[PDB]
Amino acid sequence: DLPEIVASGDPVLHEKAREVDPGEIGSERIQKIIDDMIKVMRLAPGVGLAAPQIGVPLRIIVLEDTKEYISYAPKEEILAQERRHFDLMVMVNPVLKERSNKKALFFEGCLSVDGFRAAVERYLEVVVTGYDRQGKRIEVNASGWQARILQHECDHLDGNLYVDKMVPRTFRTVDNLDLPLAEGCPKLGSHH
């Protein structure tokens, strides 16, 4: 039976997720959880998913952003956002750190808070160490949109949601997503 995404309010979403013992990652139990996360991420088209989002208090995140996913997306947007596809990625016990001080502003959403969006500031490029599916130690360097997904998801592992880190008065309904940014609001884009 495939789990359902839990929403804002459920504590596992706002509480720090504990590590998976490296060596259990190759387990049918954890492997199962990972396959679930991937199935859920794909089943309601999104590009990232963190364990807590399915009631699993473990430090695990998954992400994928496909050519197709992007196929439908304003060429200009794809540009400014610097969104490039990348193969399905799984990371247990990830540890994210910014590679530089360049940032960017764009709208973010979460399957745990649907119907809404909000512009949030993220580092343009980052590095992430941790383990993959088979429990193999890895290091990942990303930038652009993929870098944003990584941050969003990892945040989930420490019980943080975008709504608590969003730009004032940008929060909005999906239907209002592309509405003039109110006077005083920083402008979407990146330093470099």
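Numbering starts at 1 and runs along the sequence shown.
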message: So, looking at the entry's B-factor column for Cα atoms, which has the higher mean, 152-160 or 39-47?
response: 39-47
- request: Averaging only over Cα atoms, indicate whether 20-28 or 7-15 has the higher B-factor in the PDB entry.
  value: 20-28
message: Quiz for you: based on the deposited Cα B-factor, which of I70, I34, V56, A147 is highest?
response: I70
message: Where does the C-alpha B-factor of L124 rank in its chain, lowest, middle or highest third?
response: highest
task: Sort the modelled residues of this chain by their C-alpha B factor and say whether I78 lands in the lowest, middle or highest third.
output: highest
task: Divide the modelled residues of the chain into thirds by Cα B-factor and specify which third, lowest, middle or highest, holds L181.
output: lowest
- prompt: Within this chain, which third does the Cα B-factor at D87 fall in: lowest, middle or highest?
  reply: lowest
query: Lowest, middle or highest third: where is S143 by C-alpha B factor in its chain?
result: middle
